[PDB]
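Notes for the one structure printed next.
Residue numbers start at 1 and run along the sequence shown.
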Amino acid sequence: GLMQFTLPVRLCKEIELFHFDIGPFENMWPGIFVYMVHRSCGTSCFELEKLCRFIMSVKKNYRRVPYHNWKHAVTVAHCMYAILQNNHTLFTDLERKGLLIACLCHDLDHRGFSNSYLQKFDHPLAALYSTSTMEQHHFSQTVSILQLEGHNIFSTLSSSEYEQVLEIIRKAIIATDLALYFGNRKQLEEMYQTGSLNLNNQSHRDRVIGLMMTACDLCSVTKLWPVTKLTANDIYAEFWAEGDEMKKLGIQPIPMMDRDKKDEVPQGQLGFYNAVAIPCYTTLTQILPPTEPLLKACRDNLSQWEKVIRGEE
Ligand SMILES: Cn1nc(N2CCCC2)nc1/C=C/c1nc2ccc(Cl)cn2n1
Ligand SMILES: [Mg+2]
Ligand SMILES: [Zn+2]
């Protein structure tokens, strides 16, 4: 009841910044997440005993893969926490509750392979879900864990508030399918420019939360240069493993996933920053002005990748 989570002074300050790194001590990540729910939502949002048991079952259902792991889950939740705290009054009590949960759960039971690799392998999940394959699996796993005894962190919600929050989480997690991001952002671009964008339109909110989710999901490109650089090693270890598996099925992988094309990595990051990250944080800054530091940080890291190509590191 009167039990605040507190963090050491350096974390208490740095956690409020977009570029915060949650550090290498796994055992502090849960407390960090609770800390963020309590400041983002209130100490009354979730029964503490239920929250802790939910967090530990979610942790247990993330796998020991190089990038799409429990660390990523909490990194993406922290970025969401930064967006919500810098835009206090634009979001409902239910959105604040659902979106941090959505981010923690968004890659549940990820195996470190793309939707493509599942479809080419002919994995059972590709038969059950034809599009956004892993993302429908992630939502399904979230619902599974919520239905474990003592795990229903939403128990105190009404029947219809429960349905609303599970629908926020579902759309949120589906949106992390980068194939859907491209059109979602084009539409948000047009609506903002023609002035038709209306945050009382529920389908407009949906799109805006969709963009926030892409922004949080990609936030490894908005960190201080050494964090960004080192996270890129974990990202390519998955990609190259997938390429190996593509070659095992008798298919040339895309260069991205070909470990014989290591040398081209800095140019590949450039493409990604230009085709994906910059446009994402640009459109987000237009819609939610206080998110500008994500744009600024992304631009800085782009400039560091140009520096790498130019042999200046
Ligand atoms: C398109 N392309 N092509 C390449 N390569 C061509 C040959 C060598 C590199 N690399 C990319 C994108 C990399 C990439 N993709 C993501 C996704 C999420 C996050 Cl957070 C960071 N990245 N970085
Ligand atoms: Mg994902
Ligand atoms: Zn993710």
Side-chain angles (χ1 to χ4, degrees), residues 1-8 11-12 14-16 20-65 67-85 91 93-112 134-135 137-157 161-162 165-170 172-173 176 209 212-213 216-217 219-220:
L2 295 177
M3 269 188 204
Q4 272 327 258
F5 275 74
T6 66
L7 298 177
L11 280 80
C12 181
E14 258 99 313
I15 203 173
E16 297 303 321
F20 181 66
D21 179 80
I22 64 170
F25 302 102
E26 308 214 344
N27 288 172
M28 281 184 77
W29 296 340
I32 283 163
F33 182 72
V34 168
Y35 179 84
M36 294 189 299
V37 172
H38 281 180
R39 288 198 91 261
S40 213
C41 202
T43 73
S44 40
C45 273
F46 304 112
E47 211 236 283
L48 190 47
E49 201 187 281
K50 287 196 172 242
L51 187 48
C52 282
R53 206 160 31 233
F54 179 79
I55 288 168
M56 294 318 286
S57 285
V58 171
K59 171 187 160 66
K60 192 198 286 154
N61 281 284
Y62 276 90
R63 292 175 176 236
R64 289 201 209 91
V65 292
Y67 174 68
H68 281 103
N69 52 44
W70 173 235
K71 195 175 193 176
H72 170 71
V74 177
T75 288
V76 168
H78 159 268
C79 187
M80 177 61 69
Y81 163 84
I83 301 185
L84 289 177
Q85 290 298 256
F91 296 102
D93 303 26
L94 275 181
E95 285 171 329
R96 273 192 266 86
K97 275 172 190 181
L99 284 172
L100 284 172
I101 296 300
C103 289
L104 197 68
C105 296
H106 84 282
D107 274 333
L108 261 171
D109 190 39
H110 203 288
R111 329 296 178 94
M134 285 303 315
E135 290 85 12
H137 181 57
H138 304 318
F139 180 61
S140 176
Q141 293 279 285
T142 308
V143 164
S144 285
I145 278 155
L146 267 173
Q147 280 177 170
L148 265 22
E149 278 220 335
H151 282 59
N152 194 263
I153 59 168
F154 293 125
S155 50
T156 72
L157 269 44
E161 282 192 298
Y162 185 96
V165 89
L166 261 280
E167 194 67 340
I168 291 166
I169 290 157
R170 191 191 55 81
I173 294 188
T176 68
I209 293 155
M212 287 165 56
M213 290 297 299
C216 298
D217 199 24
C219 75
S220 124

Non-hydrogen side-chain atoms of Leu48 and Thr43 separated by less than 4.5 Å: no
Residue pair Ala77 / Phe33: nearest heavy atoms and the distance that separates them: CB-CE1, 3.7 Å
Pairwise distance CG(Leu51) to NE2(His38) - rounded to 0.5 angstrom: 6.5 Å
NZ on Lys50 to CD1 on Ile55, rounded to 0.5 Å: 14.0 Å
Distance in Å, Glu47 CD paired with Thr156 OG1, rounded so as to fall on 0.5 Å steps: 9.5 Å
Sidechain-backbone polar pair: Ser57 side chain, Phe54 backbone, donor-acceptor under 3.5 Å: no
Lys71/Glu26 ion pair, N-O < 4.0 Å: no
From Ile173 atom CD1 to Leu108 atom CG, the distance as rounded to the nearest 0.5 Å: 7.0 Å
Atom pair CG/CD1 of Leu11 and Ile22 - distance to nearest 0.5 Å: 10.5 Å
Side chain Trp29, main chain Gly23, donor-acceptor under 3.5 Å: yes
Under 3.5 Å: donor-acceptor pair, side chain of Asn152, backbone of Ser155: yes
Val65 and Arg111: CA distance, side-chain angles, deciding distance, side chain to side chain contact (heavy atoms under 4.5 Å, CB included) verdict: CA-CA 7 Å; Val65 292; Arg111 329 296 178 94; 5.7 Å; no
Note, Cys12 side chain near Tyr35 side chain (heavy atom, < 4.5 Å): yes
Side-chain donor or acceptor of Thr142 paired with backbone N/O of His138 under 3.5 Å: yes
Note, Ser40 side chain near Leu100 side chain (heavy atom, < 4.5 Å): yes
Reported CG-to-OG distance for the pair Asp109 and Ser144, which is rounded to 0.5 angstrom: 10.0 Å
Worked verdict on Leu94 versus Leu157 for side chain to side chain contact (heavy atoms under 4.5 Å, CB included): CA-CA 9 Å; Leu94 275 181; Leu157 269 44; 4.0 Å; yes
Residue pair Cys103 / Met213: nearest heavy atoms and the distance that separates them: SG-SD, 3.7 Å
Taking every non-hydrogen atom, the tightest pair across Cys105 and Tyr62: C-OH, 3.3 Å
Stepwise ring-ring contact (aromatic ring centres under 6.0 Å, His included) test for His72 and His106: CA-CA 10 Å; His72 170 71; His106 84 282; 4.9 Å; yes
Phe91 backbone acceptor or donor facing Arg96 side chain under 3.5 Å: yes
Side-chain touch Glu95/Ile168, heavy atoms, less than 4.5 angstrom: yes
Smallest separation among heavy atoms of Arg53 and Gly150, with atom names: NH2-O, 3.3 Å
Contact summary for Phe154 and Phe46, nearest pair of heavy atoms: CE2-CE2, 3.5 Å
Verdict with supporting geometry, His78 and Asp21, side chain to side chain contact (heavy atoms under 4.5 Å, CB included): CA-CA 9 Å; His78 159 268; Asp21 179 80; over 6 Å; no
Minimum heavy-atom distance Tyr81-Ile15, with the two atoms named: CE2-O, 3.8 Å
Stepwise side chain to side chain contact (heavy atoms under 4.5 Å, CB included) check, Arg170 with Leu166: CA-CA 6 Å; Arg170 191 191 55 81; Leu166 261 280; over 6 Å; no
Min side-chain heavy-atom separation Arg39-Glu16 under 4.5 Å: yes
